[PDB]
Structure formats: C-alpha cells, structure tokens
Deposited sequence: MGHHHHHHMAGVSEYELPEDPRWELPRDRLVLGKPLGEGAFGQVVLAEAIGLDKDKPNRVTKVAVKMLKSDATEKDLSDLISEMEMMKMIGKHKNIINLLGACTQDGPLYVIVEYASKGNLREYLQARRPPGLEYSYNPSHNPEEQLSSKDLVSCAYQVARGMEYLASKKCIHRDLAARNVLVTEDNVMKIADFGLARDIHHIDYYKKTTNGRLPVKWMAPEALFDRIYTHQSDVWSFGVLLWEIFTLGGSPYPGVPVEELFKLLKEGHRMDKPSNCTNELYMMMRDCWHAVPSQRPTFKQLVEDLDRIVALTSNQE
C-alpha cells in the first residue's frame, strides 16, 4: 500500500491490547499528536483477520479513504492515524470506552448512574448533529441504529461505521440477535433506494431506542411479518417516558413519503430547542 504522511504512524508507536470485537483491538498510541510526543492515547485499531481476502483488504482501505475525505466532527468516530507500511494494515480510530448506545442505555435502566430526561434528548441531539455533519459531506449511513452509535468516556455520542461499503441478507441477525431490516426505510427495504431521507427514517427508530432505554424494535417479529406491517402503514407505539412532541418527531421521521420527512438540519434545530426546555430534575 502507498504511504500517506498525513496519517502514517510508525508501528512501534502502537501498543496493541485486548480485542474489542470480531477485527478490532484496544490499543495505546504514543505521541499521536506530533506536537505531543510523550503522551499515550487509548485508541481503537481496525485490522484484517488471518483468513482475510483481497476483497476484505480492499474494503478496509476504502473505509479509511472515505474517513479521510469526510473530515472531523465531535459526533462521529474520527480517524486518528494508520499503519500502512511493512506489516498488516492498521486503521486507528477514536476509542469509545462506554460501548454502544444500546448497551449504554440498558446499563443505566432503573433497578451505572441514572439518565435524566434532558440527558436522553441530549443523546438524540448529538446523534442528529453527527448525522447532519455526515449528510453535509454527502455520506449516507444506511445502518443508523443505537448499535452503531458509540459513547466515549466523557459521554459524547459518536456515529460509527459510516464509512463502510455495502453489497444484503435480510434474515441475518446481529450478534445481539436482532434484525437490521427493522431500521430500514421502506423504500430502502423494498426498492433498495438509500438516501439521507432513508437515514432519517432510521433515526426515527433510533429515537424510539433511546426513549425505551435500549428497547428492541418489533420484538418477536420475523422478516416476512415485518414486510406486512410496513405495507399496512404500521407504526411502533409511543414509549412511556416520551413526550407527545418527541413521539410526533418519531412519526415524522417515519413519513411514508421520503420527501415529507424532516431533514437532519431540521431535527438538530428542533432537538436543540427541546433540550433547553426539558427538565433534568427527573
């Protein structure tokens, strides 16, 4: 692979640690900042498995290239560097120590600390803000879900896996046992049309995830029945601990007509206003 001095980190500056998932490992980067050479930064490192193919390799390269082009934002997982020469490819990104948003929410359900109502709307605001940034860079996520929102040590929401490329198996489940089709806009599901508007649909489901503290959409509903519910214009029930305003936001994101859904810019503005007016006293 060609070297890119914008992003290259010498392999001996990266102390590999425990696995995070399967491939991703936790690591320590020494002197990530050229300006700051004696500091260690915890980072996440993506790499290929021992059984990887040329196609596997080409995908990793493309995710890394897309991240360079998209640029930095507080509410996405940012590229921090790469080891590309003389050894396996390592793509180094920001580490999110409190896991994904689903996990983060579930672990804070009533019997870590509790989340106020302000906190929950703030999560939504941050994700909307991340997505508005990505939209502005012409990036379409195609699988926006709480599982692909990671949470940092300082509780910042960061959108992950935005830079991946897509081929899709509707019956394939996530490691946690859920079906990705349950976040897909109908035009994306039925006509394989993916847009910013179809991501906004997904964001509506994500909002539902947040206000159910990590609830699972359509529990017990298989793919074939999900199709029928969508064709009949079915819409998930309003969560308890959810204002009428936020529920109408969900329903708007779920407009049958893609052009009538709000944009991410509009959602960021509305959520901004709602955060300020939402109590943190419970």
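Residues 1-16, 39-42, 132-143, 200-202 of the deposited sequence, counted from 1, carry no C-alpha coordinates in the model.
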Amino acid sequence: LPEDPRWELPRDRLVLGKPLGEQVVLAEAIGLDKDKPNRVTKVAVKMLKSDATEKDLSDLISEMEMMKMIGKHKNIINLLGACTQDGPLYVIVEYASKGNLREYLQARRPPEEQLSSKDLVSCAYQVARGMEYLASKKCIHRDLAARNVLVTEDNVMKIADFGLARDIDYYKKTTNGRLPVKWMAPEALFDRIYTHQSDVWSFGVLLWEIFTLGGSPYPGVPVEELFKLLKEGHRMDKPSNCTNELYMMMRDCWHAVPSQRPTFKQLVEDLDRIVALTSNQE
From here on, numbers count along this sequence of modelled residues.
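For clarity, a rigid core is taken as the largest C-alpha set superposing within 1.5 Å between two forms.
Taking the root mean square of CA deviations in 6 other deposited structures of this protein after fitting on the rigid core, 38-46 and 210-218 differ, and the farther of the two is 38-46. Choosing between 192-200 and 79-87, the greater Cα displacement from the shown form in 6 other deposited structures of this protein, fitted by the core, goes with 79-87.
Missing-residue comparison: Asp167 falls in the unmodelled set for a third or more of the other PDB entries checked.
At least a third of the other compared entries skip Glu22 while keeping the residues on either side.
Per the PDB record, of the two stretches 29-37 and 232-240, 29-37 carries the greater mean B-factor over its C-alpha atoms.
Relative to its counterpart among 171-179 and 189-197, 171-179 has the higher mean temperature factor, C-alpha atoms as listed in the PDB entry. Reading the B-factor column for the CA atoms of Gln126, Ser97, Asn148, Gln114 in the entry, the top value corresponds to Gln114.
For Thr263, the recorded CA temperature factor ranks within the lowest third of the chain's modelled residues.
Remark: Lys68 belongs to the middle third of its chain, ranked by C-alpha B-factor as recorded. For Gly130, the recorded CA B-factor ranks within the lowest third of the chain. Only modelled residues enter the ranking. In this PDB entry, the Cα temperature factor of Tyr90 sits in the top third of its chain's modelled residues, the highest group. Residue-level temperature factors show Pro110 in the highest third of its chain, judged at the C-alpha atom.
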